[PDB]
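Heads up: the structure comes next, in structure tokens.
Computed from the coordinates by the stated procedures, all read-outs in this text should not be read as laboratory data. Cβ placement follows ideal geometry from the backbone for every residue including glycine, while neighbour counts extend to all protein chains displayed.
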Amino acid sequence: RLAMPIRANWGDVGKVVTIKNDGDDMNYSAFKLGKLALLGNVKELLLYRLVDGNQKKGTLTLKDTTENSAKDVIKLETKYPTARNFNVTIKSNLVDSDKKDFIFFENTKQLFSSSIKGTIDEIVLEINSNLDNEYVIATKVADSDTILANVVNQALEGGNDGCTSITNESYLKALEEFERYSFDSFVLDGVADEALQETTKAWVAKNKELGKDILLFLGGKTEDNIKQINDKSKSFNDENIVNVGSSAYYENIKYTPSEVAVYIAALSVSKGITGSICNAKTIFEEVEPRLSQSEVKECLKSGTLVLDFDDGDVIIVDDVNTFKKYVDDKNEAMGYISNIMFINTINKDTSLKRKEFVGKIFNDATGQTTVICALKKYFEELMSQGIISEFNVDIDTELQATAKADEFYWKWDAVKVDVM
Amino acid sequence: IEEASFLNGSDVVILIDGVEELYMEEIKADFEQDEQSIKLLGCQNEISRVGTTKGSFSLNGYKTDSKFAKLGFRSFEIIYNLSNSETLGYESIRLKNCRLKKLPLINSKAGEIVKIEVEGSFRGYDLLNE
């Protein structure tokens, strides 16, 4: 589950929708960067559309000619709001005057072609339910059995493009809507503006206090060299936040590090706890700027997720996070994204344990021993499965000494399998 | 004449699966082991070894709820705090992975108080205090 804030003319505005294994324009992120999200092979992708406020839906009105005075009986609209020239040609059928041929166009290429008798319900339901009408919605005006007029290439207009203006409030709409949903990761859709990244940092921090450690991915702008990339990585220090360093090519686009972050997030989500991308191959054919050992070390230490074409294919040099500029109490094993997601999973499972052992148990040494033993058994089970190599879960004495009657504190630490 | 003490059985406090169970009346638990008696070819004294261990327990008490019937054969823990108050050195024992041998759905006689009897086994034990 990757939260994808597509900057696209296609997709629903202001709503979360999912897509199974099944836009098209290169300018729209539903295909430009939706492909990047799908290539990481997450089990499914969840989309969100960023649009300027000054943007509405196109509307086309049609009227009948069976009677002398023409009156509206059918109105057509774009499926999602847009100003795209989704042209429609309606002509009287060659054989029967009572049937009207409906030809729809994306811009001018033939998308759907059919004809239905003059009763409005049949026509509208055919236009709504047919397979090739994925790019239109049709709605009735009034009950009638009359016959439309002849019109060619009628363009639905009135709205605006989905890529009209990508701005801070419009970007923040996605985070505001995603507050009500939980994902494996969230990614910024390519706009490497530091204001947006800082706003997302604050948002994810607010969620971290709430506990929703949604693994965040970002990246620098096209104008950042190794120095700028390292500085911007050093600007962040969060565990769940990442800054992809190098741009990349997949088919035609110089994808920004922020745009590459979509596919990186998809790969990270797909890999899960078991899989680590510290030495994993990636779909990309090339990444720049290139990095030697010194550049690799400098970028990794600054908190950058280094991608280099160090071999015949692109390789993620290490799966590092912004906390790779670590501090003394936490070891460098904390600075790996897979390890952070593993920590978040354990936090969720221990929250399940928390709701299992609510205040029905007394706040005495016996209840604390019960909870500690349950957590110890959980870590023993994980060790038996092989993920944990050692564990020590104990009373959080520093916080428990001043604990009131209602509150209890604990803490866990465990070693994890390495992969070179 | 210096004092002594008998651990009165009414001091027992049993926490079953964390929650304090307060209607239990008598609890038993033993840690069995197969002797693995071996007759040597030269020595006329039989020799015993640890073999493998096996737990077994039991509880009796007044019925007040369907706790055990709804619990099913789920694994659970038992604590047993044999408090001593003449000398404050209580004793606490934990039984690990307790599982019922038989679910006592129904047991009742018309002219008597309804009591619940349980028996099962446990994988291992811990001596938390003494």
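In this structure, does A:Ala333 turn out to be surrounded by fewer than 19 Cβ atoms within 10 Å (Cβ to Cβ), of a type in the set (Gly, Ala, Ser), out of contact with any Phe, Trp or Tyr (no Cβ under 6 Å at 6 or more places or on another chain) and more than 14 Å from every other protein chain (Cβ to nearest Cβ)?
yes
Within the stretch B:77-97, can you find the residues that are of a type in the set (D, E, K, R), more than 11 Å from chain A (Cβ to nearest Cβ) and either within 14 Å of A:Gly367 (Cβ to Cβ) or not in a strand (DSSP E or B) (or both)?
B:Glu86
Out of curiosity, is A:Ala8 surrounded by 16 or more Cβ atoms within 10 Å (Cβ to Cβ), not in a loop (DSSP other than H, G, I, E, B) and not β-branched (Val, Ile, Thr)?
no
Within the stretch A:394-415, does at least one residue satisfy the condition of being within 14 Å of chain B (Cβ to nearest Cβ), more than 31 Å from the chain's Cα centre (by Cα) and either surrounded by fewer than 13 Cβ atoms within 10 Å (Cβ to Cβ) or assigned to a loop (DSSP other than H, G, I, E, B) (or both)?
yes
Identify, from the list A:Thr370, A:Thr366, the residue that is assigned to a helix (DSSP H, G or I) and either more than 11 Å from chain B (Cβ to nearest Cβ) or in contact with a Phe, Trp or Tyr (Cβ under 8 Å, 6 or more places away or on another chain) (or both).
When all the criteria are applied, what remains is A:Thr370.
Taking strands (runs of 3 or more DSSP E) that do not extend beyond the stretch B:17-70, which have at least 1 residues that are away from every other protein chain (no Cβ under 14 Å) and not acidic (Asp, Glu)?
By residue number, B:24-33, B:53-62.
So, in the stretch A:17-51, how many residues would count as being in contact with a strand residue (DSSP E or B) (Cβ under 6 Å, 6 or more places away or on another chain) and surrounded by fewer than 20 Cβ atoms within 10 Å (Cβ to Cβ)?
5
Right, A:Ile361: within 13 Å of another protein chain (Cβ to nearest Cβ), part of a loop (DSSP other than H, G, I, E, B) and among the β-branched types (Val, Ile, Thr) or not?
Yes.
If you scan the stretch A:167-178, which residues turn out to be surrounded by 14 or more Cβ atoms within 10 Å (Cβ to Cβ) and acidic (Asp, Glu)?
Within the stretch A:167-178, just A:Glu177 meets the criteria.
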